[PDB]
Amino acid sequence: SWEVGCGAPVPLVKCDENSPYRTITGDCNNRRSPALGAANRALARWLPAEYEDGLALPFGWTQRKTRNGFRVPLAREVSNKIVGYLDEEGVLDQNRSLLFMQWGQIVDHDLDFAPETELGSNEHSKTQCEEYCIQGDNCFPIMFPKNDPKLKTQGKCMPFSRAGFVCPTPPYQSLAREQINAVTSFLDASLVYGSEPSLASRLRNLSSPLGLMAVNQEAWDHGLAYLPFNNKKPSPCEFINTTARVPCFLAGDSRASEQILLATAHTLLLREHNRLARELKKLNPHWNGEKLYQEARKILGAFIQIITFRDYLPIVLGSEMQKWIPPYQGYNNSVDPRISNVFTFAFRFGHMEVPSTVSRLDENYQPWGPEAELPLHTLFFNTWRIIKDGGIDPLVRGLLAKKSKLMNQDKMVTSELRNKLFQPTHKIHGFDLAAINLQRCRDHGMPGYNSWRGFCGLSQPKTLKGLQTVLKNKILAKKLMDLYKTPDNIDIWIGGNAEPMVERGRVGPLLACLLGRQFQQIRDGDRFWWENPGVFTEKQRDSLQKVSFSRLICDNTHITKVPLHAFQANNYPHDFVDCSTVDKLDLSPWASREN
(Lines of atoms letter the chains of each structure in order from A and count residues from 1; the text may use other names and numbers.)
(Lines give C-alpha, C1' and ligand atoms only; values in the text may rest on other atoms or scores of the structure.)
Protein backbone atom coordinates (compact mmCIF):
# COMPACT_ATOMS: atom_id res chain seq x y z
CA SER A 1 0.00 0.00 0.00
CA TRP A 2 2.04 2.98 -1.42
CA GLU A 3 1.92 6.58 0.00
CA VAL A 4 3.98 8.76 -2.47
CA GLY A 5 1.81 11.47 -0.82
CA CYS A 6 4.54 13.34 1.18
CA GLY A 7 6.47 16.38 -0.25
CA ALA A 8 4.93 19.12 1.92
CA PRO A 9 6.16 22.69 1.11
CA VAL A 10 5.16 22.01 -2.59
CA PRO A 11 5.91 24.16 -5.63
CA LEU A 12 2.48 22.74 -6.75
CA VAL A 13 2.07 23.58 -10.52
CA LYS A 14 -0.64 21.90 -12.69
CA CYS A 15 0.70 20.90 -16.17
CA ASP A 16 -0.37 22.40 -19.55
CA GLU A 17 -0.67 19.86 -22.45
CA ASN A 18 1.82 20.47 -25.34
CA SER A 19 3.62 23.23 -23.34
CA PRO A 20 6.72 24.05 -25.50
CA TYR A 21 9.53 24.66 -22.89
CA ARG A 22 10.81 23.19 -19.56
CA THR A 23 9.41 24.65 -16.35
CA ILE A 24 12.03 26.37 -14.13
CA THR A 25 11.14 23.94 -11.25
CA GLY A 26 11.37 20.76 -13.40
CA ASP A 27 7.68 19.98 -12.68
CA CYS A 28 5.67 18.51 -15.62
CA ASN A 29 8.73 16.84 -17.33
CA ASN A 30 7.29 13.35 -16.63
CA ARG A 31 3.57 13.41 -17.66
CA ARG A 32 2.49 10.36 -15.52
CA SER A 33 4.37 11.63 -12.38
CA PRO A 34 4.81 15.40 -12.79
CA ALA A 35 6.89 16.05 -9.58
CA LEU A 36 9.64 13.61 -10.87
CA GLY A 37 12.98 15.48 -11.09
CA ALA A 38 11.43 18.76 -9.83
CA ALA A 39 13.46 20.88 -7.35
CA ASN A 40 12.73 21.07 -3.56
CA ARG A 41 11.72 17.38 -3.27
CA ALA A 42 13.43 14.36 -1.60
CA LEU A 43 16.61 12.98 -3.17
CA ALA A 44 15.76 9.48 -4.53
CA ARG A 45 16.73 6.47 -2.34
CA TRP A 46 18.23 3.67 -4.50
CA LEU A 47 18.67 1.76 -1.18
CA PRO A 48 16.94 2.39 2.18
CA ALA A 49 18.53 5.01 4.49
CA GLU A 50 20.82 3.58 7.22
CA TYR A 51 20.61 5.50 10.50
CA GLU A 52 21.75 4.57 14.06
CA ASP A 53 18.02 4.57 15.18
CA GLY A 54 16.67 3.36 11.75
CA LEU A 55 14.89 6.77 11.22
CA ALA A 56 17.04 9.93 11.47
CA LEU A 57 20.17 9.71 13.75
CA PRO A 58 23.52 9.34 11.90
CA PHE A 59 25.96 6.53 12.67
CA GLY A 60 28.46 8.16 15.08
CA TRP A 61 25.75 10.20 16.91
CA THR A 62 25.69 7.96 20.05
CA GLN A 63 29.30 6.99 21.06
CA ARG A 64 28.25 3.52 22.44
CA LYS A 65 26.08 2.71 19.34
CA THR A 66 28.26 0.55 17.04
CA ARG A 67 27.82 -0.04 13.29
CA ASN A 68 28.13 -3.85 12.84
CA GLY A 69 29.86 -4.17 16.27
CA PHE A 70 32.50 -1.46 15.63
CA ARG A 71 32.48 2.28 16.58
CA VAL A 72 32.54 4.50 13.41
CA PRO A 73 35.84 6.49 13.26
CA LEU A 74 35.91 10.33 13.60
CA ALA A 75 35.52 11.97 10.10
CA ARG A 76 38.57 14.19 10.81
CA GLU A 77 40.71 11.19 11.92
CA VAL A 78 39.92 9.42 8.58
CA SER A 79 40.79 12.76 6.81
CA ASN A 80 44.14 13.13 8.66
CA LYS A 81 45.26 9.49 8.36
CA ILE A 82 44.07 8.57 4.81
CA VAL A 83 43.04 11.69 2.79
CA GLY A 84 45.90 14.13 3.60
CA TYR A 85 49.35 14.66 2.01
CA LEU A 86 52.08 17.38 2.18
CA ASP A 87 53.95 17.35 -1.19
CA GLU A 88 52.10 18.79 -4.28
CA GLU A 89 55.05 17.83 -6.59
CA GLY A 90 54.02 15.13 -9.14
CA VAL A 91 50.28 15.23 -8.18
CA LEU A 92 48.98 16.86 -11.45
CA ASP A 93 46.97 14.95 -14.12
CA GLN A 94 49.24 14.79 -17.22
CA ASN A 95 46.17 14.34 -19.55
CA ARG A 96 43.36 16.48 -18.01
CA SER A 97 43.29 20.30 -18.15
CA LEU A 98 41.92 22.24 -15.10
CA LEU A 99 38.71 22.71 -17.15
CA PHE A 100 38.06 18.91 -16.54
CA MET A 101 37.76 19.52 -12.74
CA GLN A 102 35.81 22.76 -13.31
CA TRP A 103 33.20 21.21 -15.70
CA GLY A 104 32.54 18.50 -13.06
CA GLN A 105 31.64 21.08 -10.39
CA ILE A 106 29.42 22.93 -12.96
CA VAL A 107 27.50 19.75 -13.88
CA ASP A 108 27.27 18.81 -10.16
CA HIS A 109 25.72 22.23 -9.39
CA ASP A 110 23.18 21.77 -12.27
CA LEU A 111 22.03 18.43 -10.76
CA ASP A 112 22.08 18.53 -6.92
CA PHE A 113 22.13 20.70 -3.78
CA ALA A 114 21.13 19.40 -0.32
CA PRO A 115 21.39 22.62 1.75
CA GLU A 116 21.84 22.74 5.56
CA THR A 117 18.49 23.00 7.50
CA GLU A 118 17.02 26.57 7.70
CA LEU A 119 16.61 27.32 11.50
CA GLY A 120 17.40 30.94 10.33
CA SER A 121 19.50 33.57 12.21
CA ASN A 122 18.41 35.56 15.37
CA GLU A 123 18.88 32.12 17.13
CA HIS A 124 21.16 30.78 19.89
CA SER A 125 21.87 27.62 17.76
CA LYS A 126 24.49 27.59 14.90
CA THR A 127 26.16 30.35 17.04
CA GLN A 128 26.21 27.89 20.03
CA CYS A 129 27.19 24.97 17.63
CA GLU A 130 30.23 27.07 16.50
CA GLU A 131 31.02 28.35 20.07
CA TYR A 132 30.56 25.28 22.36
CA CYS A 133 30.72 22.24 19.95
CA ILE A 134 27.66 20.61 21.69
CA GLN A 135 25.94 17.94 19.56
CA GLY A 136 22.15 18.38 19.47
CA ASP A 137 19.28 18.63 16.99
CA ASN A 138 20.86 19.92 13.74
CA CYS A 139 24.30 20.54 15.36
CA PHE A 140 26.41 17.46 14.45
CA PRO A 141 29.89 18.88 15.05
CA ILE A 142 33.07 17.33 13.54
CA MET A 143 35.09 16.63 16.72
CA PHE A 144 38.93 16.69 16.52
CA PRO A 145 40.83 13.53 17.47
CA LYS A 146 43.35 13.94 20.35
CA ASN A 147 46.43 14.15 18.01
CA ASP A 148 44.86 16.66 15.55
CA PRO A 149 46.89 19.91 15.18
CA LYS A 150 43.54 21.80 14.83
CA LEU A 151 42.65 20.71 18.46
CA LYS A 152 45.67 22.89 19.53
CA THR A 153 44.86 25.83 17.20
CA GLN A 154 41.04 25.76 16.48
CA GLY A 155 39.11 24.52 19.57
CA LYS A 156 37.36 21.17 20.00
CA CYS A 157 35.47 20.90 16.66
CA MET A 158 34.55 22.07 13.15
CA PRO A 159 30.92 23.23 13.23
CA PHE A 160 28.61 21.10 11.00
CA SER A 161 24.85 21.53 10.52
CA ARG A 162 22.62 18.63 9.34
CA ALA A 163 21.10 18.80 5.82
CA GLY A 164 17.47 19.94 5.37
CA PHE A 165 14.81 17.16 5.03
CA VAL A 166 11.34 17.05 3.37
CA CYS A 167 7.79 17.38 4.92
CA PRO A 168 8.71 19.11 8.18
CA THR A 169 12.29 20.44 8.32
CA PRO A 170 11.62 20.88 12.08
CA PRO A 171 9.55 18.14 13.87
CA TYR A 172 9.81 14.82 11.80
CA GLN A 173 7.61 11.77 10.70
CA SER A 174 7.53 7.86 10.91
CA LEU A 175 9.40 7.03 7.62
CA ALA A 176 13.22 7.69 7.48
CA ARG A 177 14.69 11.21 7.13
CA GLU A 178 14.91 12.20 3.42
CA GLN A 179 17.27 15.07 2.44
CA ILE A 180 16.08 17.66 -0.14
CA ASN A 181 17.41 18.27 -3.67
CA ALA A 182 16.95 22.07 -4.03
CA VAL A 183 17.86 22.12 -7.79
CA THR A 184 16.29 20.38 -10.85
CA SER A 185 17.46 16.75 -11.45
CA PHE A 186 17.45 17.46 -15.23
CA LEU A 187 20.73 18.59 -16.85
CA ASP A 188 18.87 21.78 -17.88
CA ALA A 189 21.14 24.79 -17.08
CA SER A 190 19.26 25.36 -13.74
CA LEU A 191 22.68 26.64 -12.49
CA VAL A 192 22.31 29.61 -14.95
CA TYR A 193 18.49 30.23 -14.77
CA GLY A 194 17.52 29.08 -11.23
CA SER A 195 15.30 26.17 -10.03
CA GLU A 196 12.71 28.52 -8.35
CA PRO A 197 10.35 31.00 -10.11
CA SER A 198 11.42 33.98 -7.92
CA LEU A 199 15.20 33.58 -8.48
CA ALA A 200 14.60 32.85 -12.25
CA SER A 201 12.67 36.17 -12.57
CA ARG A 202 15.27 38.10 -10.49
CA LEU A 203 18.05 36.78 -12.86
CA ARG A 204 16.22 38.12 -15.98
CA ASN A 205 16.27 41.57 -17.62
CA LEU A 206 12.48 42.21 -17.83
CA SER A 207 12.98 45.97 -18.66
CA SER A 208 13.52 45.26 -22.43
CA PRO A 209 11.66 42.47 -24.33
CA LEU A 210 15.14 41.21 -25.47
CA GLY A 211 15.16 37.89 -23.48
CA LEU A 212 18.45 38.91 -21.77
CA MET A 213 19.77 37.85 -18.32
CA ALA A 214 20.50 40.70 -15.85
CA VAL A 215 24.23 41.74 -15.91
CA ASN A 216 26.46 43.69 -13.49
CA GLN A 217 25.82 47.49 -13.68
CA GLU A 218 28.98 48.36 -11.59
CA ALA A 219 31.83 46.71 -13.58
CA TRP A 220 32.44 45.38 -17.12
CA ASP A 221 35.20 43.07 -18.46
CA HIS A 222 36.50 44.93 -21.57
CA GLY A 223 32.85 45.45 -22.64
CA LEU A 224 31.71 41.92 -21.66
CA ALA A 225 29.25 41.20 -18.85
CA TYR A 226 29.81 40.17 -15.24
CA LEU A 227 27.02 38.40 -13.34
CA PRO A 228 24.99 40.78 -11.15
CA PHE A 229 26.15 41.15 -7.53
CA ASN A 230 24.17 39.52 -4.73
CA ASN A 231 23.49 42.55 -2.49
CA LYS A 232 22.40 40.27 0.50
CA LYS A 233 24.37 40.90 3.78
CA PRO A 234 26.47 39.56 5.24
CA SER A 235 28.43 38.62 2.04
CA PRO A 236 31.24 36.01 2.37
CA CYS A 237 32.93 37.59 -0.71
CA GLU A 238 33.04 40.97 1.13
CA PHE A 239 34.13 39.15 4.35
CA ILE A 240 37.29 37.66 2.75
CA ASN A 241 38.47 41.23 1.78
CA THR A 242 36.80 44.23 3.59
CA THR A 243 39.16 46.71 1.79
CA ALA A 244 38.04 45.61 -1.75
CA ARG A 245 34.40 45.09 -0.59
CA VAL A 246 33.42 43.15 -3.80
CA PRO A 247 30.22 41.11 -3.27
CA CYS A 248 29.47 37.59 -4.51
CA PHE A 249 27.82 37.07 -7.93
CA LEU A 250 24.09 36.25 -8.22
CA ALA A 251 23.48 33.14 -10.43
CA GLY A 252 20.90 30.36 -10.97
CA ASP A 253 22.77 28.36 -8.33
CA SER A 254 23.48 29.69 -4.77
CA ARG A 255 27.12 28.39 -4.79
CA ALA A 256 28.38 30.33 -7.90
CA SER A 257 31.14 32.32 -6.05
CA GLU A 258 32.45 29.42 -3.85
CA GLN A 259 35.76 29.60 -5.81
CA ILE A 260 37.01 32.01 -8.51
CA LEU A 261 37.02 29.40 -11.37
CA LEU A 262 33.35 28.32 -10.70
CA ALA A 263 32.42 32.05 -10.87
CA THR A 264 34.50 32.22 -14.11
CA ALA A 265 32.61 29.28 -15.75
CA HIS A 266 29.24 30.85 -14.61
CA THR A 267 30.34 34.12 -16.34
CA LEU A 268 30.94 32.22 -19.68
CA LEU A 269 27.49 30.61 -19.49
CA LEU A 270 25.66 33.92 -18.71
CA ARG A 271 27.46 35.68 -21.60
CA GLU A 272 26.49 32.75 -23.91
CA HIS A 273 22.77 33.20 -22.98
CA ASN A 274 22.90 36.97 -23.89
CA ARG A 275 24.93 36.30 -27.13
CA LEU A 276 22.27 33.71 -28.18
CA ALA A 277 19.30 36.03 -27.27
CA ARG A 278 20.87 38.91 -29.33
CA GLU A 279 21.45 36.55 -32.35
CA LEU A 280 17.92 35.03 -32.21
CA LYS A 281 16.53 38.62 -32.12
CA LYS A 282 18.46 39.47 -35.40
CA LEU A 283 17.20 36.19 -36.98
CA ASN A 284 13.62 36.47 -35.58
CA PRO A 285 12.64 40.14 -35.06
CA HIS A 286 8.94 39.36 -34.17
CA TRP A 287 9.92 36.93 -31.31
CA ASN A 288 8.92 38.55 -27.94
CA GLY A 289 11.22 38.71 -24.84
CA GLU A 290 9.73 35.50 -23.29
CA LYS A 291 10.27 33.56 -26.59
CA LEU A 292 13.90 34.87 -26.94
CA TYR A 293 14.71 33.93 -23.28
CA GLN A 294 13.18 30.39 -23.59
CA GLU A 295 14.90 29.68 -27.02
CA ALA A 296 18.35 30.87 -25.70
CA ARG A 297 17.73 28.89 -22.44
CA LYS A 298 16.86 25.75 -24.50
CA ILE A 299 20.06 26.10 -26.64
CA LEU A 300 22.29 26.65 -23.55
CA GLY A 301 20.70 23.55 -21.90
CA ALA A 302 21.51 21.50 -25.08
CA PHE A 303 25.11 22.91 -25.00
CA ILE A 304 25.55 21.75 -21.34
CA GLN A 305 24.03 18.31 -22.16
CA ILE A 306 26.31 17.75 -25.23
CA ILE A 307 29.59 18.94 -23.60
CA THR A 308 28.71 16.69 -20.62
CA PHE A 309 27.63 13.46 -22.43
CA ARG A 310 29.89 13.79 -25.57
CA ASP A 311 33.17 15.22 -24.09
CA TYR A 312 33.21 14.90 -20.24
CA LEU A 313 31.60 11.52 -19.23
CA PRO A 314 33.73 9.41 -21.68
CA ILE A 315 36.98 10.65 -19.99
CA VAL A 316 35.41 10.13 -16.47
CA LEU A 317 33.91 6.62 -17.05
CA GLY A 318 36.49 5.44 -19.66
CA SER A 319 35.91 1.69 -20.40
CA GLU A 320 32.66 1.72 -18.30
CA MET A 321 31.03 4.39 -20.57
CA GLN A 322 29.47 1.73 -22.91
CA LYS A 323 28.42 -0.49 -19.90
CA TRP A 324 26.30 2.20 -18.04
CA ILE A 325 25.48 4.81 -20.79
CA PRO A 326 24.70 3.11 -24.12
CA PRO A 327 24.02 5.22 -27.25
CA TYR A 328 20.71 7.16 -26.80
CA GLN A 329 17.61 5.26 -28.02
CA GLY A 330 14.89 7.81 -27.03
CA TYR A 331 12.89 9.18 -24.07
CA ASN A 332 11.75 6.46 -21.63
CA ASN A 333 8.97 7.91 -19.35
CA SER A 334 9.36 4.78 -17.11
CA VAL A 335 12.95 5.91 -16.06
CA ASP A 336 13.26 7.72 -12.66
CA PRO A 337 15.10 11.02 -13.51
CA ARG A 338 15.56 12.01 -9.80
CA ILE A 339 19.11 12.45 -8.49
CA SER A 340 19.78 9.75 -5.86
CA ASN A 341 21.16 10.61 -2.39
CA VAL A 342 24.27 8.43 -3.07
CA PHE A 343 25.04 10.19 -6.43
CA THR A 344 25.50 13.48 -4.47
CA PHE A 345 28.44 11.65 -2.69
CA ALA A 346 29.70 9.71 -5.78
CA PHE A 347 30.10 13.02 -7.72
CA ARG A 348 32.39 14.36 -4.89
CA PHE A 349 35.17 12.37 -6.68
CA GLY A 350 35.87 15.89 -8.12
CA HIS A 351 37.31 16.90 -4.67
CA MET A 352 40.43 14.72 -5.39
CA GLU A 353 40.95 16.50 -8.81
CA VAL A 354 41.27 20.03 -7.32
CA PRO A 355 44.90 21.19 -7.40
CA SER A 356 46.59 23.47 -4.80
CA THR A 357 46.96 26.61 -7.02
CA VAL A 358 45.19 28.76 -9.65
CA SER A 359 47.14 30.67 -12.36
CA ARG A 360 46.24 33.79 -14.40
CA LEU A 361 47.95 33.90 -17.89
CA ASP A 362 48.20 36.88 -20.30
CA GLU A 363 47.42 37.12 -24.07
CA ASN A 364 50.78 35.25 -24.66
CA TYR A 365 49.89 32.38 -22.17
CA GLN A 366 52.69 33.74 -19.90
CA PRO A 367 52.33 34.55 -16.17
CA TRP A 368 49.85 37.38 -15.54
CA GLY A 369 51.80 39.82 -13.31
CA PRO A 370 54.02 39.16 -10.25
CA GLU A 371 51.54 36.83 -8.39
CA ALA A 372 50.14 35.00 -11.48
CA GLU A 373 49.92 31.77 -9.41
CA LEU A 374 47.87 31.90 -6.15
CA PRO A 375 46.99 29.30 -3.45
CA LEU A 376 43.41 27.94 -3.93
CA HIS A 377 42.39 28.80 -0.33
CA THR A 378 42.89 32.56 -1.03
CA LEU A 379 40.30 32.24 -3.87
CA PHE A 380 37.31 30.82 -1.90
CA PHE A 381 34.43 33.38 -2.27
CA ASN A 382 36.97 35.58 -4.12
CA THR A 383 35.26 37.88 -6.68
CA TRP A 384 37.61 40.90 -6.16
CA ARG A 385 40.51 39.02 -7.94
CA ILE A 386 38.21 38.87 -11.06
CA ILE A 387 37.00 42.56 -11.18
CA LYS A 388 40.21 44.15 -9.82
CA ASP A 389 42.85 41.76 -11.32
CA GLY A 390 42.25 41.38 -15.10
CA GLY A 391 38.70 39.96 -15.47
CA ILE A 392 38.03 36.34 -16.50
CA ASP A 393 40.37 36.00 -19.59
CA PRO A 394 43.60 35.31 -17.58
CA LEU A 395 41.63 32.74 -15.47
CA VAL A 396 40.13 31.03 -18.58
CA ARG A 397 43.67 30.81 -20.14
CA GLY A 398 44.77 29.01 -16.92
CA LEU A 399 41.76 26.63 -17.13
CA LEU A 400 43.03 25.61 -20.64
CA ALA A 401 46.84 25.54 -20.09
CA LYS A 402 47.05 24.21 -16.47
CA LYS A 403 46.12 20.70 -15.29
CA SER A 404 43.61 19.09 -12.90
CA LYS A 405 45.03 17.23 -9.89
CA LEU A 406 45.17 13.46 -10.49
CA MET A 407 43.45 11.29 -7.86
CA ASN A 408 46.20 9.39 -5.96
CA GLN A 409 45.71 6.70 -3.24
CA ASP A 410 48.63 8.41 -1.32
CA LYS A 411 47.61 12.05 -2.15
CA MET A 412 43.80 12.27 -2.16
CA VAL A 413 42.67 15.87 -1.23
CA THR A 414 44.91 19.00 -1.22
CA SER A 415 45.30 20.79 2.17
CA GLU A 416 43.80 23.88 0.41
CA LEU A 417 40.42 22.00 0.81
CA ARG A 418 41.36 19.53 3.60
CA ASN A 419 42.70 22.13 6.10
CA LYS A 420 42.05 25.66 4.69
CA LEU A 421 38.40 25.54 3.45
CA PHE A 422 36.37 28.74 4.11
CA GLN A 423 32.62 28.32 4.92
CA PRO A 424 30.20 31.32 5.04
CA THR A 425 29.59 32.76 8.59
CA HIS A 426 32.47 30.65 10.08
CA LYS A 427 35.19 33.36 9.71
CA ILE A 428 38.33 31.12 9.30
CA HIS A 429 40.18 29.35 6.42
CA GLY A 430 40.27 26.23 8.63
CA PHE A 431 37.65 23.67 7.51
CA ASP A 432 38.17 20.18 6.01
CA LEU A 433 36.00 19.32 2.96
CA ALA A 434 37.06 15.62 3.27
CA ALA A 435 35.87 15.41 6.93
CA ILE A 436 32.72 17.37 5.93
CA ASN A 437 32.08 14.80 3.10
CA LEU A 438 32.42 11.86 5.61
CA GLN A 439 30.17 13.56 8.24
CA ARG A 440 27.62 14.35 5.46
CA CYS A 441 27.60 10.67 4.29
CA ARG A 442 26.44 9.77 7.84
CA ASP A 443 24.09 12.82 8.08
CA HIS A 444 22.34 11.50 4.87
CA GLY A 445 21.98 7.86 6.17
CA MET A 446 24.37 6.34 3.58
CA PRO A 447 24.63 2.51 3.37
CA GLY A 448 28.34 1.60 3.63
CA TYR A 449 30.92 0.63 0.97
CA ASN A 450 29.92 -3.10 0.68
CA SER A 451 26.14 -2.30 0.31
CA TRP A 452 27.06 -0.19 -2.77
CA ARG A 453 29.56 -2.86 -4.04
CA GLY A 454 26.57 -5.32 -3.90
CA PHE A 455 24.27 -2.79 -5.61
CA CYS A 456 26.87 -2.61 -8.45
CA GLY A 457 27.34 -6.44 -8.76
CA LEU A 458 30.92 -6.16 -7.31
CA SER A 459 32.69 -8.36 -4.65
CA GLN A 460 32.18 -7.34 -0.98
CA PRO A 461 35.60 -7.74 0.75
CA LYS A 462 35.23 -8.93 4.40
CA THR A 463 38.96 -9.12 5.45
CA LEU A 464 42.17 -6.99 5.19
CA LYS A 465 43.41 -9.26 2.37
CA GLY A 466 40.08 -8.99 0.48
CA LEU A 467 40.16 -5.15 0.71
CA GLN A 468 43.90 -5.09 -0.24
CA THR A 469 42.96 -7.02 -3.46
CA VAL A 470 39.97 -4.72 -4.31
CA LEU A 471 42.04 -1.50 -3.64
CA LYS A 472 45.27 -3.01 -5.19
CA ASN A 473 47.01 -1.29 -2.26
CA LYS A 474 48.09 -2.99 0.98
CA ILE A 475 48.95 0.16 3.02
CA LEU A 476 45.69 2.05 2.16
CA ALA A 477 43.60 -1.09 2.92
CA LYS A 478 45.47 -1.46 6.29
CA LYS A 479 44.82 2.23 7.16
CA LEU A 480 41.08 1.78 6.22
CA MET A 481 40.80 -1.44 8.31
CA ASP A 482 42.64 0.07 11.36
CA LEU A 483 40.01 2.91 11.43
CA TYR A 484 36.82 1.19 10.13
CA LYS A 485 37.57 -2.46 11.32
CA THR A 486 35.26 -3.95 8.57
CA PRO A 487 34.83 -2.81 4.92
CA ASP A 488 31.02 -2.88 5.68
CA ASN A 489 31.54 0.38 7.73
CA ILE A 490 33.71 2.31 5.18
CA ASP A 491 31.86 5.56 4.23
CA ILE A 492 30.90 5.43 0.50
CA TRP A 493 32.77 8.71 -0.36
CA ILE A 494 36.17 7.35 0.87
CA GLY A 495 35.61 3.68 -0.25
CA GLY A 496 34.47 4.68 -3.77
CA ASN A 497 37.38 7.15 -4.23
CA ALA A 498 39.91 4.62 -2.73
CA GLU A 499 39.42 2.27 -5.76
CA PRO A 500 41.95 2.34 -8.64
CA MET A 501 40.70 4.23 -11.80
CA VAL A 502 39.28 2.15 -14.74
CA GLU A 503 41.23 2.25 -18.06
CA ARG A 504 40.85 5.62 -19.88
CA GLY A 505 38.77 6.92 -16.88
CA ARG A 506 39.26 8.94 -13.65
CA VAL A 507 37.06 6.87 -11.24
CA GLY A 508 37.15 3.23 -10.11
CA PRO A 509 34.52 0.51 -10.80
CA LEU A 510 32.09 1.31 -7.93
CA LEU A 511 31.94 5.07 -8.84
CA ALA A 512 31.72 4.30 -12.60
CA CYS A 513 28.61 2.19 -11.79
CA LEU A 514 26.88 4.76 -9.45
CA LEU A 515 27.77 7.77 -11.78
CA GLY A 516 26.93 5.83 -15.01
CA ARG A 517 23.49 4.68 -13.73
CA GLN A 518 22.63 8.23 -12.59
CA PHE A 519 23.73 9.92 -15.87
CA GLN A 520 21.90 7.21 -17.91
CA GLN A 521 18.72 8.03 -15.86
CA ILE A 522 18.91 11.87 -16.22
CA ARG A 523 19.38 11.44 -20.02
CA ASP A 524 16.81 8.65 -20.68
CA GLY A 525 14.20 10.06 -18.17
CA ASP A 526 14.25 13.68 -19.57
CA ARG A 527 11.43 14.54 -22.05
CA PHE A 528 13.45 17.68 -23.05
CA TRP A 529 16.71 15.72 -23.74
CA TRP A 530 18.27 17.59 -26.73
CA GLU A 531 18.29 14.45 -28.98
CA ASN A 532 14.63 13.45 -28.15
CA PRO A 533 12.61 13.85 -31.40
CA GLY A 534 10.57 17.09 -31.45
CA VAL A 535 12.66 18.89 -28.80
CA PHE A 536 14.81 20.33 -31.64
CA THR A 537 14.46 19.83 -35.44
CA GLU A 538 16.74 17.54 -37.49
CA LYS A 539 18.60 20.65 -38.83
CA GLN A 540 18.95 22.09 -35.26
CA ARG A 541 20.43 18.79 -33.94
CA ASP A 542 22.95 18.92 -36.88
CA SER A 543 24.02 22.50 -35.85
CA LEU A 544 24.14 21.47 -32.13
CA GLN A 545 26.59 18.57 -32.91
CA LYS A 546 29.26 21.30 -33.62
CA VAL A 547 29.19 22.92 -30.07
CA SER A 548 32.55 22.96 -28.19
CA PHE A 549 33.90 24.54 -24.98
CA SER A 550 36.57 26.09 -27.31
CA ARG A 551 33.87 27.96 -29.33
CA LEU A 552 32.15 28.97 -26.03
CA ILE A 553 35.51 30.61 -25.03
CA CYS A 554 36.13 32.24 -28.50
CA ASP A 555 32.55 33.70 -28.54
CA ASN A 556 32.50 35.06 -24.91
CA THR A 557 36.12 36.28 -24.15
CA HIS A 558 38.93 38.22 -25.97
CA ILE A 559 41.06 34.99 -26.05
CA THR A 560 42.47 34.63 -29.65
CA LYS A 561 43.82 31.03 -29.34
CA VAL A 562 42.26 27.86 -27.85
CA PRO A 563 42.78 24.09 -28.06
CA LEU A 564 40.36 21.91 -30.09
CA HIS A 565 39.96 19.38 -27.19
CA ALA A 566 39.71 21.60 -24.07
CA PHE A 567 39.37 18.76 -21.44
CA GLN A 568 42.75 17.13 -22.29
CA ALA A 569 46.17 18.52 -21.23
CA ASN A 570 47.02 21.23 -23.81
CA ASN A 571 50.29 23.25 -24.01
CA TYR A 572 50.76 26.67 -25.69
CA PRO A 573 51.57 27.25 -28.44
CA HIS A 574 51.72 23.68 -29.88
CA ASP A 575 48.13 22.57 -28.97
CA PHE A 576 46.41 26.02 -29.47
CA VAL A 577 44.75 27.14 -32.77
CA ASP A 578 43.22 30.43 -33.93
CA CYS A 579 39.54 30.88 -32.87
CA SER A 580 38.68 31.42 -36.65
CA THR A 581 39.59 27.70 -37.11
CA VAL A 582 37.05 26.42 -34.46
CA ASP A 583 33.55 25.28 -35.57
CA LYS A 584 30.69 27.76 -34.88
CA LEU A 585 27.10 27.17 -33.74
CA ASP A 586 25.05 27.92 -36.92
CA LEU A 587 21.74 29.41 -35.61
CA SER A 588 20.13 29.70 -39.12
CA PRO A 589 18.00 26.57 -38.37
CA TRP A 590 16.29 28.65 -35.56
CA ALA A 591 14.66 30.85 -38.31
CA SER A 592 10.96 31.07 -37.23
CA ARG A 593 10.20 29.44 -40.65
CA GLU A 594 10.83 29.32 -44.30
CA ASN A 595 9.58 27.45 -47.44
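Numbering starts at 1 and follows the sequence shown.
**Request:** Can you let me know which of the two, 316-324 or 389-397, has the higher average C-alpha B-factor in the entry?
**Result:** Averaging CA B-factors over each stretch, the winner is 316-324.
**Request:** Can you let me know which of the two, 288-296 or 160-168, has the higher average C-alpha B-factor in the entry?
**Result:** For C-alpha atoms only, the mean B-factor is higher in 160-168.
**Deposited CA B-factor, highest of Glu131, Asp221, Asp488, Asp93** = Comparing C-alpha B-factors across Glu131, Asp221, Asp488, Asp93, the top value belongs to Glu131.
**Request:** By the entry's C-alpha temperature factors, tell me which of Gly120, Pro73, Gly430, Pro447 sits highest.
**Result:** In the PDB entry, the greatest C-alpha B-factor among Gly120, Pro73, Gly430, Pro447 is found at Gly120.
**Asked** Where does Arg440 sit by CA temperature factor within its chain: lowest, middle or highest third?
**Response** Its C-alpha B-factor belongs to the lowest third of this chain's values.
**Request:** Among all modelled residues of this chain, ranked by Cα B factor, put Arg453 in the bottom, middle or top third, i.e. lowest, middle or highest.
**Result:** According to the entry, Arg453 has a C-alpha B-factor in the chain's lowest third.
**Asked** What third of its chain, lowest, middle or highest, does the C-alpha temperature factor of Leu43 fall into?
**Response** It belongs to the lowest third of the chain when residues are ordered by C-alpha B-factor.
**Prompt:** Of the three thirds of its chain by CA temperature factor, lowest, middle or highest, which one includes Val107?
**Reply:** Ranked within chain, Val107 CA B lands in the lowest tercile.
**Request:** Divide the modelled residues of the chain into thirds by Cα B-factor and specify which third, lowest, middle or highest, holds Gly350.
**Result:** Within its chain, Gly350 is a lowest-third residue by C-alpha B-factor, going by the deposited values.
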